$ cat entry.cif   # mmCIF, C-alpha atoms
data_data
loop_
_atom_site.label_atom_id
_atom_site.label_comp_id
_atom_site.auth_asym_id
_atom_site.auth_seq_id
_atom_site.Cartn_x
_atom_site.Cartn_y
_atom_site.Cartn_z
CA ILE A 2 94.56 163.98 206.44
CA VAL A 3 93.51 167.27 208.17
CA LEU A 4 96.52 168.51 210.22
CA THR A 5 95.91 171.16 212.94
CA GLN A 6 98.76 173.32 214.32
CA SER A 7 97.20 174.36 217.70
CA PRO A 8 100.15 176.51 218.99
CA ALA A 9 99.88 178.88 215.99
CA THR A 10 101.62 182.18 216.91
CA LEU A 11 103.87 181.53 219.96
CA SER A 12 105.45 184.45 221.93
CA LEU A 13 108.58 182.82 223.48
CA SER A 14 111.98 184.21 224.64
CA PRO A 15 115.12 183.08 222.71
CA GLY A 16 117.25 180.31 224.29
CA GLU A 17 114.15 178.55 225.71
CA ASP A 18 112.50 175.19 224.75
CA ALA A 19 109.34 175.36 222.57
CA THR A 20 106.76 172.58 222.19
CA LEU A 21 104.32 172.35 219.28
CA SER A 22 101.48 170.13 218.13
CA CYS A 23 100.02 168.70 214.93
CA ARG A 24 96.67 166.98 215.46
CA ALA A 25 95.58 164.64 212.66
CA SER A 26 91.93 164.01 211.86
CA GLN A 27 92.65 160.34 211.06
CA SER A 28 95.07 157.71 212.33
CA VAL A 29 98.22 158.25 210.27
CA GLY A 30 100.98 156.43 212.17
CA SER A 31 104.61 157.49 212.08
CA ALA A 32 104.05 159.03 208.63
CA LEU A 33 104.38 162.68 209.57
CA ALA A 34 107.14 165.20 208.85
CA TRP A 35 108.09 168.64 210.16
CA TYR A 36 109.42 171.71 208.36
CA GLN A 37 110.92 175.10 209.23
CA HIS A 38 110.23 178.14 207.03
CA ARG A 39 112.81 180.66 208.20
CA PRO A 40 112.11 184.24 207.04
CA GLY A 41 113.78 185.14 203.77
CA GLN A 42 114.65 181.50 203.13
CA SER A 43 113.34 178.25 201.70
CA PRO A 44 111.75 175.64 204.00
CA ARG A 45 113.93 172.86 205.32
CA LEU A 46 113.11 169.40 206.61
CA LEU A 47 113.65 168.80 210.33
CA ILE A 48 111.94 165.47 211.13
CA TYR A 49 110.62 163.01 208.55
CA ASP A 50 109.09 160.11 210.56
CA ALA A 51 107.57 162.16 213.47
CA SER A 52 110.47 161.00 215.68
CA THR A 53 113.68 161.11 213.60
CA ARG A 54 116.09 163.90 212.61
CA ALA A 55 117.03 164.89 209.07
CA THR A 56 120.59 165.15 207.80
CA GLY A 57 122.23 168.48 208.60
CA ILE A 58 119.89 169.19 211.52
CA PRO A 59 121.15 169.80 215.09
CA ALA A 60 120.09 167.44 217.87
CA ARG A 61 117.91 170.10 219.56
CA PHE A 62 115.18 169.42 216.95
CA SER A 63 113.33 166.42 218.41
CA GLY A 64 109.82 165.08 218.02
CA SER A 65 107.39 162.41 219.13
CA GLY A 66 103.98 161.03 218.26
CA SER A 67 102.73 157.90 216.54
CA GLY A 68 98.93 158.13 216.34
CA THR A 69 96.82 161.23 215.78
CA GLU A 70 98.75 163.47 218.20
CA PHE A 71 102.17 164.72 217.13
CA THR A 72 104.58 167.11 218.80
CA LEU A 73 107.81 168.86 217.79
CA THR A 74 110.03 170.05 220.66
CA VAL A 75 112.77 172.51 219.72
CA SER A 76 115.18 173.45 222.52
CA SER A 77 117.42 176.50 223.10
CA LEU A 78 115.77 178.84 220.58
CA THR A 79 118.42 180.69 218.57
CA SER A 80 117.85 183.69 216.30
CA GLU A 81 116.90 181.50 213.33
CA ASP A 82 114.45 179.27 215.25
CA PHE A 83 111.84 182.05 215.20
CA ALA A 84 110.14 180.89 212.03
CA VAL A 85 106.94 179.24 210.82
CA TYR A 86 106.78 175.47 211.35
CA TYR A 87 104.69 173.16 209.16
CA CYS A 88 103.70 169.52 209.61
CA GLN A 89 103.09 167.19 206.68
CA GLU A 90 101.42 163.78 206.63
CA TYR A 91 102.46 161.23 204.01
CA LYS A 92 100.11 158.39 204.99
CA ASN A 93 100.28 155.25 202.85
CA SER A 94 96.65 155.29 201.75
CA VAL A 95 95.29 155.20 198.21
CA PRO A 96 95.26 157.88 196.73
CA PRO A 97 98.40 159.35 198.35
CA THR A 98 98.07 162.76 199.99
CA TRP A 99 100.66 165.45 200.79
CA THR A 100 98.79 167.60 203.29
CA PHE A 101 100.41 170.41 205.28
CA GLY A 102 99.23 172.23 208.38
CA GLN A 103 98.29 175.88 208.68
CA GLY A 104 101.69 176.76 210.11
CA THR A 105 102.48 177.43 213.75
CA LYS A 106 104.72 180.42 214.38
CA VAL A 107 107.32 181.07 217.08
CA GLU A 108 107.99 184.72 217.90
CA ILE A 109 110.07 186.62 220.44
CA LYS A 110 108.04 187.69 223.47
CA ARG A 111 108.44 191.13 225.03
CA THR A 112 106.85 193.35 227.69
CA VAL B 2 123.46 169.38 196.52
CA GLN B 3 121.60 172.38 195.10
CA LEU B 4 118.30 173.12 193.33
CA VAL B 5 118.36 176.35 191.30
CA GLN B 6 115.07 177.56 189.84
CA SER B 7 114.27 179.90 186.94
CA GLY B 8 113.25 183.08 188.76
CA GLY B 9 109.90 184.79 188.87
CA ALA B 10 107.88 186.01 185.92
CA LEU B 11 104.78 188.11 185.27
CA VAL B 12 102.01 186.39 183.30
CA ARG B 13 98.51 187.39 182.26
CA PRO B 14 95.55 185.27 183.47
CA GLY B 15 94.63 182.42 181.17
CA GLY B 16 98.24 182.34 179.95
CA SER B 17 101.10 179.87 180.14
CA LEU B 18 104.45 179.70 181.92
CA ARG B 19 107.23 177.10 182.07
CA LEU B 20 109.09 176.91 185.36
CA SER B 21 112.50 175.27 185.57
CA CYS B 22 114.50 173.73 188.40
CA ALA B 23 118.11 172.84 187.60
CA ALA B 24 119.59 170.43 190.13
CA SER B 25 123.28 169.99 190.88
CA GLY B 26 125.59 168.05 193.17
CA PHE B 27 123.73 164.73 193.07
CA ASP B 28 122.20 162.19 190.69
CA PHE B 29 118.90 163.52 189.35
CA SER B 30 117.73 160.10 188.15
CA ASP B 31 117.98 158.65 191.68
CA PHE B 32 115.68 161.20 193.35
CA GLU B 33 111.95 161.86 193.16
CA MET B 34 110.98 165.48 192.51
CA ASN B 35 108.24 167.72 193.85
CA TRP B 36 106.61 171.12 193.44
CA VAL B 37 105.34 172.97 196.52
CA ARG B 38 103.24 176.13 196.25
CA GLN B 39 102.97 178.96 198.79
CA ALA B 40 100.37 181.66 198.24
CA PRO B 41 100.95 184.98 200.08
CA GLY B 42 99.63 184.51 203.61
CA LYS B 43 98.22 181.02 203.06
CA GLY B 44 101.06 178.61 203.82
CA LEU B 45 102.73 175.72 202.04
CA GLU B 46 100.74 173.50 199.70
CA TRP B 47 102.02 170.59 197.61
CA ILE B 48 100.92 170.68 193.97
CA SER B 49 102.95 168.14 191.99
CA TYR B 50 105.17 165.07 192.19
CA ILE B 51 107.14 163.08 189.64
CA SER B 52 109.03 159.85 190.23
CA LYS B 53 112.61 158.85 189.36
CA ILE B 54 111.39 158.18 185.81
CA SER B 55 108.08 159.47 184.41
CA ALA B 56 106.29 156.25 185.49
CA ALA B 57 104.29 158.12 188.14
CA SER B 58 103.05 161.70 188.24
CA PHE B 59 100.72 163.01 190.93
CA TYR B 60 98.87 166.32 191.24
CA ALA B 61 96.88 168.13 193.88
CA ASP B 62 93.10 168.21 193.47
CA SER B 63 93.15 171.94 192.64
CA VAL B 64 95.73 171.58 189.85
CA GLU B 65 94.66 168.47 187.91
CA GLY B 66 94.16 169.13 184.22
CA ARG B 67 95.93 172.50 184.35
CA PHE B 68 99.52 171.83 185.40
CA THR B 69 102.05 169.25 184.18
CA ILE B 70 105.29 168.22 185.88
CA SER B 71 108.05 166.85 183.64
CA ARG B 72 111.70 166.08 184.21
CA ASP B 73 114.80 165.61 182.06
CA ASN B 74 117.07 163.34 184.08
CA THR B 75 119.97 163.70 181.60
CA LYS B 76 119.83 167.52 181.63
CA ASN B 77 118.86 167.64 185.36
CA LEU B 78 115.92 169.98 184.73
CA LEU B 79 112.51 169.70 186.37
CA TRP B 80 109.69 171.61 184.69
CA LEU B 81 106.12 172.55 185.56
CA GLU B 82 104.31 173.54 182.37
CA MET B 83 101.58 175.88 183.58
CA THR B 84 98.34 176.23 181.62
CA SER B 85 95.12 178.27 182.12
CA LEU B 86 96.40 180.25 185.08
CA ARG B 87 93.71 181.66 187.35
CA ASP B 88 93.97 184.56 189.82
CA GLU B 89 94.55 182.23 192.80
CA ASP B 90 97.85 180.97 191.36
CA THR B 91 99.74 184.11 192.38
CA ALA B 92 102.19 182.37 194.69
CA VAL B 93 105.78 181.31 195.34
CA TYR B 94 106.67 177.99 193.72
CA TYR B 95 109.21 175.75 195.45
CA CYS B 96 111.10 172.85 193.89
CA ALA B 97 111.60 170.07 196.43
CA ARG B 98 113.58 166.83 196.48
CA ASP B 99 112.09 163.67 197.98
CA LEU B 100 114.03 161.32 200.26
CA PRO B 101 114.94 157.81 199.08
CA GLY B 102 112.14 155.41 199.87
CA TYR B 103 108.72 155.49 198.24
CA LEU B 104 107.01 155.28 201.62
CA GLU B 105 108.92 158.30 203.02
CA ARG B 106 107.14 160.95 200.97
CA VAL B 107 108.80 164.03 202.45
CA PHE B 108 110.48 167.06 200.90
CA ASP B 109 114.17 166.92 201.77
CA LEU B 110 115.98 169.74 199.98
CA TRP B 111 114.23 172.74 198.48
CA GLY B 112 114.81 175.25 195.71
CA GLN B 113 115.39 178.99 195.83
CA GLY B 114 111.74 179.93 195.26
CA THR B 115 109.97 181.48 192.28
CA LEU B 116 107.32 184.18 192.71
CA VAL B 117 104.75 183.65 189.96
CA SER B 118 102.28 186.54 189.94
CA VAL B 119 99.30 186.89 187.63
CA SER B 120 97.59 190.16 186.78
CA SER C 579 90.92 146.83 208.66
CA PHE C 580 89.03 146.20 205.43
CA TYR C 581 90.74 149.02 203.51
CA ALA C 582 94.20 147.81 204.57
CA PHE C 583 93.31 144.27 203.48
CA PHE C 584 92.06 145.64 200.14
CA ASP C 585 95.31 147.57 199.65
CA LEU C 586 97.32 144.45 200.54
CA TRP C 587 95.31 142.36 198.07
CA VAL C 588 95.57 144.87 195.20
CA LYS C 589 99.27 145.43 196.03
CA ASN C 590 100.02 141.70 195.93
CA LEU C 591 97.92 141.25 192.78
CA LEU C 592 99.86 144.01 191.00
CA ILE C 593 103.22 142.70 192.27
CA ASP C 594 102.45 139.13 191.17
CA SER C 595 101.06 140.37 187.83
CA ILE C 596 104.29 142.32 187.27
CA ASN C 597 106.32 139.23 188.21
CA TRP C 598 104.21 137.02 185.92
CA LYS C 599 104.61 139.44 183.01
CA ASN C 600 108.39 139.10 183.38
CA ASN C 621 104.49 128.35 182.49
CA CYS C 622 101.42 129.67 180.69
CA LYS C 623 99.27 126.88 182.14
CA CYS C 624 100.33 127.75 185.69
CA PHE C 625 99.82 131.45 184.93
CA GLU C 626 96.33 130.91 183.48
CA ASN C 627 95.46 128.84 186.55
CA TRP C 628 96.86 131.67 188.68
CA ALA C 629 94.83 134.35 186.89
CA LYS C 630 91.73 132.18 187.22
CA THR C 631 92.47 131.88 190.95
CA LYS C 632 92.88 135.63 191.53
CA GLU C 633 89.76 136.43 189.51
CA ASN C 634 87.64 134.15 191.70
CA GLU C 635 89.20 135.91 194.70
CA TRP C 636 88.08 139.22 193.16
CA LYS C 637 84.41 138.20 193.25
CA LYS C 638 84.44 137.56 197.01
CA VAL C 639 85.94 141.05 197.46
CA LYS C 640 83.67 142.87 195.00
CA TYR C 654 86.00 154.26 193.16
CA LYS C 655 88.78 156.47 194.51
CA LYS C 656 91.28 153.62 194.73
CA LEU C 657 90.66 151.69 191.49
CA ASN C 658 90.23 154.82 189.43
CA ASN C 659 91.49 154.17 185.88
CA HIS C 660 94.58 151.92 185.79
CA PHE C 661 95.89 151.79 189.40
CA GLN C 662 97.60 155.17 189.71
CA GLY C 663 97.47 155.47 193.50
CA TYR C 664 99.03 152.09 194.32
CA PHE C 665 102.47 153.23 193.14
CA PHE C 666 104.25 153.65 196.48
CA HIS C 667 102.60 150.51 197.88
CA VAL C 668 103.89 148.47 194.93
CA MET C 669 107.40 149.92 194.88
CA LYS C 670 108.00 149.63 198.59
CA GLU C 671 108.62 146.01 197.55
CA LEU C 672 109.38 146.33 193.82
CA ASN C 673 111.98 149.15 193.41
CA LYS C 674 112.25 148.81 189.57
CA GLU C 675 110.22 151.51 187.86
CA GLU C 676 110.56 150.08 184.35
CA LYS C 677 108.24 147.29 185.51
CA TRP C 678 105.68 149.84 186.72
CA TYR C 679 105.97 151.90 183.53
CA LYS C 680 105.52 148.76 181.41
CA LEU C 681 102.43 147.79 183.43
CA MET C 682 100.96 151.29 183.09
CA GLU C 683 101.62 151.38 179.33
CA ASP C 684 100.05 147.92 178.90
CA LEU C 685 96.96 148.94 180.89
CA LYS C 686 96.68 152.25 179.01
CA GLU C 687 96.83 150.52 175.62
CA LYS C 688 94.33 147.92 176.87
CA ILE C 689 91.98 150.78 177.84
CA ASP C 690 92.53 152.38 174.42
CA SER C 691 91.83 149.05 172.69
CA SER C 692 88.64 148.47 174.71
CA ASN C 693 87.29 151.95 173.94
CA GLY C 703 86.78 149.07 186.74
CA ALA C 704 90.57 148.99 186.86
CA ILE C 705 90.64 145.35 188.02
CA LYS C 706 88.53 144.19 185.06
CA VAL C 707 90.88 145.95 182.63
CA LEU C 708 93.81 144.18 184.32
CA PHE C 709 92.14 140.75 184.17
CA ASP C 710 91.28 141.21 180.50
CA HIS C 711 94.90 142.26 179.99
CA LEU C 712 96.12 139.21 181.93
CA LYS C 713 93.81 137.09 179.77
CA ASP C 714 95.61 138.32 176.64
CA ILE C 715 98.98 137.38 178.17
CA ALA C 716 97.72 133.91 179.15
CA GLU C 717 96.39 133.07 175.69
CA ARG C 718 99.76 133.85 174.07
#

$ encode --input "entry.cif" --output "structure tokens"
Amino acid sequence: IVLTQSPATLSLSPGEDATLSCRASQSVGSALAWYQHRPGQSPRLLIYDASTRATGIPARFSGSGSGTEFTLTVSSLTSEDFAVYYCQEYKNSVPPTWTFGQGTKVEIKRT
Amino acid sequence: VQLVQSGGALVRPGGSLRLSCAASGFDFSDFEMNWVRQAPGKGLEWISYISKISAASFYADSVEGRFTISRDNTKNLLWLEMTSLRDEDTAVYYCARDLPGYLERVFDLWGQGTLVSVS
Amino acid sequence: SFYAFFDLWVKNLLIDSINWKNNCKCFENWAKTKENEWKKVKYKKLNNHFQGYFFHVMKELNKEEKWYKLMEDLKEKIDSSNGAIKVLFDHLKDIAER
């Protein structure tokens, strides 16, 4: 299912809360996940049911959304939260699809 | 829990390459495996999946007929036999672990990355 | 929806076919019942031998030797014959006549 990361590049100061989006072309449900590709590192799973939190993930990574609109809200941006965030649908249709988004990006804003 | 890959390699176009992904710290037979591809400046893109046994194997639409995912659940190795490599397969190949539950088709723990570059 | 009903019907048909492969008069009457229910219903979904129904089936099955046995039986039925529902019902006909 087409997933659109509207925020894309995001100039935000560290220590602040950052909201994102992942618009689906079709009605998926709760079958959407979120990822974090930190620079110089492998991706990691943050949320796996568009509301939950994966094991080993701090409670500041929270999300919401159950239809075609999805949103990941990360709070108190540390040095490693400035990464590229992907959203993956895993909708239980036949044939099964593993579709990512383009990748929204959170960056440090300056003057 | 750890997924250690084989490291990058240089291959000519139209050639073949066998990636590896040695898993440790858990039971390899109890976890579904995945291959995720990232081209330079394109983003993440799933290419392969294999089940707990070889009962199910799924491929992306761009990789069907060319690539083959296989696993050895007694040697804890996951392969991706690569065949007829084009110029758009210069990418970084990630080895991902799927969560328990066949409905929850997410990529839980990832490998170290493997830059496959064709020339 | 219609697609969700079709996935439920093919999912339950595969689950009950797996359970029936693991009484022949009641099974032949069952396979005659499901085949008449196929004509009121009747291809990305039913492509060769039900590849894409794997996660639907094993949400409720959770034993992959059953799925691998079903896929091997359907693959050898396709090899013996040389869309996917008709191969299954001719395979279920060979089980029922035994």

$ resolve_selection --input "entry.cif" --expression "the PyMOL selection byres ((chain A) within 10 of (chain B))" --output "VMD selection string"
chain A and resid 32 to 36 38 42 to 50 55 to 56 85 to 93 96 to 104

$ resolve_selection --input "entry.cif" --expression "the PyMOL selection byres ((chain A and resi 82) around 12)" --output "number ranges by chain"
A: 11, 13-19, 36-40, 45, 47, 59, 61-62, 74-81, 83-86, 106-109

$ write_last_selection --input "entry.cif" --atoms "C-alpha atoms" --output "PDB file, in the coordinates of the input"
ATOM      1  CA  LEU A  11     103.870 181.530 219.960  1.00  0.00           C
ATOM      2  CA  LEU A  13     108.580 182.820 223.480  1.00  0.00           C
ATOM      3  CA  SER A  14     111.980 184.210 224.640  1.00  0.00           C
ATOM      4  CA  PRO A  15     115.120 183.080 222.710  1.00  0.00           C
ATOM      5  CA  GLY A  16     117.250 180.310 224.290  1.00  0.00           C
ATOM      6  CA  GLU A  17     114.150 178.550 225.710  1.00  0.00           C
ATOM      7  CA  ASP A  18     112.500 175.190 224.750  1.00  0.00           C
ATOM      8  CA  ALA A  19     109.340 175.360 222.570  1.00  0.00           C
ATOM      9  CA  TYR A  36     109.420 171.710 208.360  1.00  0.00           C
ATOM     10  CA  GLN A  37     110.920 175.100 209.230  1.00  0.00           C
ATOM     11  CA  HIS A  38     110.230 178.140 207.030  1.00  0.00           C
ATOM     12  CA  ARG A  39     112.810 180.660 208.200  1.00  0.00           C
ATOM     13  CA  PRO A  40     112.110 184.240 207.040  1.00  0.00           C
ATOM     14  CA  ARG A  45     113.930 172.860 205.320  1.00  0.00           C
ATOM     15  CA  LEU A  47     113.650 168.800 210.330  1.00  0.00           C
ATOM     16  CA  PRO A  59     121.150 169.800 215.090  1.00  0.00           C
ATOM     17  CA  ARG A  61     117.910 170.100 219.560  1.00  0.00           C
ATOM     18  CA  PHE A  62     115.180 169.420 216.950  1.00  0.00           C
ATOM     19  CA  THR A  74     110.030 170.050 220.660  1.00  0.00           C
ATOM     20  CA  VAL A  75     112.770 172.510 219.720  1.00  0.00           C
ATOM     21  CA  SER A  76     115.180 173.450 222.520  1.00  0.00           C
ATOM     22  CA  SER A  77     117.420 176.500 223.100  1.00  0.00           C
ATOM     23  CA  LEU A  78     115.770 178.840 220.580  1.00  0.00           C
ATOM     24  CA  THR A  79     118.420 180.690 218.570  1.00  0.00           C
ATOM     25  CA  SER A  80     117.850 183.690 216.300  1.00  0.00           C
ATOM     26  CA  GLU A  81     116.900 181.500 213.330  1.00  0.00           C
ATOM     27  CA  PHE A  83     111.840 182.050 215.200  1.00  0.00           C
ATOM     28  CA  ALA A  84     110.140 180.890 212.030  1.00  0.00           C
ATOM     29  CA  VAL A  85     106.940 179.240 210.820  1.00  0.00           C
ATOM     30  CA  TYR A  86     106.780 175.470 211.350  1.00  0.00           C
ATOM     31  CA  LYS A 106     104.720 180.420 214.380  1.00  0.00           C
ATOM     32  CA  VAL A 107     107.320 181.070 217.080  1.00  0.00           C
ATOM     33  CA  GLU A 108     107.990 184.720 217.900  1.00  0.00           C
ATOM     34  CA  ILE A 109     110.070 186.620 220.440  1.00  0.00           C
TER      35      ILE A 109
END

$ interface_residues --input "entry.cif" --of "chain C" --to "chain A" --cutoff "8 Å" --atoms "all atoms listed in the file" --output "list in words"
residues 585, 655, 656, 662, 663, 664, 666 and 667 of chain C

$ atom_distance --input "entry.cif" --atom1 "atom CA of residue C:582" --atom2 "atom CA of residue A:68"
16.4 Å

$ closest_residue --input "entry.cif" --among "B:53, B:70, B:65, B:16" --to "residue C:669" --atoms "all atoms listed in the file"
B:53

$ resolve_selection --input "entry.cif" --expression "the PyMOL selection byres ((chain A and resi 21) around 9)" --output "MDAnalysis selection string"
chainID A and resid 6:9 19:20 22:23 71:75 86 105

$ write_last_selection --input "entry.cif" --atoms "C-alpha atoms" --output "short mmCIF file (atom, residue, chain, number, x, y, z; two decimals), in the coordinates of the input"
data_model
loop_
_atom_site.label_atom_id
_atom_site.label_comp_id
_atom_site.auth_asym_id
_atom_site.auth_seq_id
_atom_site.Cartn_x
_atom_site.Cartn_y
_atom_site.Cartn_z
CA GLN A 6 98.76 173.32 214.32
CA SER A 7 97.20 174.36 217.70
CA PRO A 8 100.15 176.51 218.99
CA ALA A 9 99.88 178.88 215.99
CA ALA A 19 109.34 175.36 222.57
CA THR A 20 106.76 172.58 222.19
CA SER A 22 101.48 170.13 218.13
CA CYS A 23 100.02 168.70 214.93
CA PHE A 71 102.17 164.72 217.13
CA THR A 72 104.58 167.11 218.80
CA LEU A 73 107.81 168.86 217.79
CA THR A 74 110.03 170.05 220.66
CA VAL A 75 112.77 172.51 219.72
CA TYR A 86 106.78 175.47 211.35
CA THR A 105 102.48 177.43 213.75
#

$ atom_distance --input "entry.cif" --atom1 "atom CA of residue B:120" --atom2 "atom CA of residue B:38"
17.8 Å

$ residues_around --input "entry.cif" --residues "stretch 676-685 of chain C" --least-positions-apart "2" --cutoff "10 Å" --atoms "all atoms listed in the file" --output "number ranges by chain"
B: 54-57; C: 592-593, 595-597, 599-600, 659-662, 665, 668-669, 672-674, 687-691, 704, 707-708, 710-712

$ closest_residue --input "entry.cif" --among "B:94, B:75, B:102, B:87" --to "chain C" --atoms "all atoms listed in the file"
B:102

$ closest_residue --input "entry.cif" --among "B:39, B:52, B:71, B:6" --to "chain C" --atoms "all atoms listed in the file"
B:52

$ residues_near_point --input "entry.cif" --point "(119.7, 175.7, 184.6)" --cutoff "10 Å" --atoms "all atoms listed in the file" --output "ChimeraX atom specification"
/B:4-7,21-25,76-79

$ atom_distance --input "entry.cif" --atom1 "atom CA of residue B:116" --atom2 "atom CA of residue B:12"
11.0 Å

$ decode --input "entry.cif" --residues "stretch 687-715 of chain C" --atoms "N, CA, C and O atoms" --output "compact mmCIF listing (two decimals), in the first residue's frame"
# COMPACT_ATOMS: atom_id res chain seq x y z
N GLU C 687 2.97 -31.47 -6.72
CA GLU C 687 3.01 -32.73 -7.46
C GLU C 687 1.70 -32.99 -8.20
O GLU C 687 1.73 -33.66 -9.24
N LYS C 688 0.57 -32.45 -7.73
CA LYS C 688 -0.66 -32.55 -8.51
C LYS C 688 -0.59 -31.70 -9.77
O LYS C 688 -1.08 -32.12 -10.83
N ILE C 689 0.03 -30.52 -9.69
CA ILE C 689 0.24 -29.68 -10.86
C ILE C 689 1.20 -30.36 -11.84
O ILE C 689 0.96 -30.36 -13.06
N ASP C 690 2.26 -30.98 -11.32
CA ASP C 690 3.20 -31.71 -12.18
C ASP C 690 2.57 -32.94 -12.82
O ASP C 690 2.91 -33.29 -13.95
N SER C 691 1.65 -33.60 -12.12
CA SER C 691 0.94 -34.74 -12.70
C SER C 691 -0.08 -34.31 -13.74
O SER C 691 -0.28 -35.03 -14.73
N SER C 692 -0.73 -33.16 -13.54
CA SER C 692 -1.71 -32.69 -14.52
C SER C 692 -1.04 -32.21 -15.80
O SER C 692 -1.60 -32.41 -16.89
N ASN C 693 0.13 -31.60 -15.70
CA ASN C 693 0.84 -31.11 -16.88
C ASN C 693 1.52 -32.26 -17.62
O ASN C 693 2.63 -32.12 -18.12
N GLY C 703 -8.31 -21.59 -10.97
CA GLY C 703 -7.05 -22.20 -11.32
C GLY C 703 -6.43 -23.01 -10.20
O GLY C 703 -6.23 -24.22 -10.33
N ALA C 704 -6.13 -22.34 -9.09
CA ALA C 704 -5.56 -23.02 -7.93
C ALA C 704 -6.61 -23.82 -7.17
O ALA C 704 -6.28 -24.83 -6.54
N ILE C 705 -7.87 -23.37 -7.19
CA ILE C 705 -8.95 -24.07 -6.50
C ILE C 705 -9.25 -25.39 -7.20
O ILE C 705 -9.47 -26.42 -6.54
N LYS C 706 -9.23 -25.40 -8.53
CA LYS C 706 -9.53 -26.60 -9.30
C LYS C 706 -8.45 -27.66 -9.12
O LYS C 706 -8.75 -28.86 -9.08
N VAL C 707 -7.19 -27.24 -8.98
CA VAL C 707 -6.10 -28.16 -8.67
C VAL C 707 -6.29 -28.76 -7.27
O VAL C 707 -6.07 -29.96 -7.06
N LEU C 708 -6.73 -27.94 -6.31
CA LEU C 708 -7.01 -28.42 -4.96
C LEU C 708 -8.17 -29.42 -4.95
O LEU C 708 -8.08 -30.46 -4.28
N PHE C 709 -9.24 -29.13 -5.68
CA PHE C 709 -10.40 -30.01 -5.65
C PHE C 709 -10.17 -31.30 -6.44
O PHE C 709 -10.79 -32.32 -6.13
N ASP C 710 -9.30 -31.28 -7.44
CA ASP C 710 -8.87 -32.54 -8.04
C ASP C 710 -7.89 -33.28 -7.14
O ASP C 710 -7.80 -34.51 -7.20
N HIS C 711 -7.14 -32.55 -6.30
CA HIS C 711 -6.28 -33.22 -5.33
C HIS C 711 -7.11 -33.79 -4.18
O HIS C 711 -6.82 -34.89 -3.69
N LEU C 712 -8.14 -33.06 -3.74
CA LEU C 712 -9.04 -33.58 -2.72
C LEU C 712 -9.91 -34.71 -3.23
O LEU C 712 -10.41 -35.50 -2.43
N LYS C 713 -10.11 -34.80 -4.55
CA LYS C 713 -10.82 -35.94 -5.12
C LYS C 713 -9.96 -37.20 -5.05
O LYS C 713 -10.49 -38.30 -4.84
N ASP C 714 -8.64 -37.06 -5.22
CA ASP C 714 -7.76 -38.22 -5.13
C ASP C 714 -7.63 -38.73 -3.70
O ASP C 714 -7.43 -39.93 -3.49
N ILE C 715 -7.74 -37.84 -2.71
CA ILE C 715 -7.73 -38.27 -1.32
C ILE C 715 -9.03 -39.01 -0.99
O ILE C 715 -9.02 -40.05 -0.32
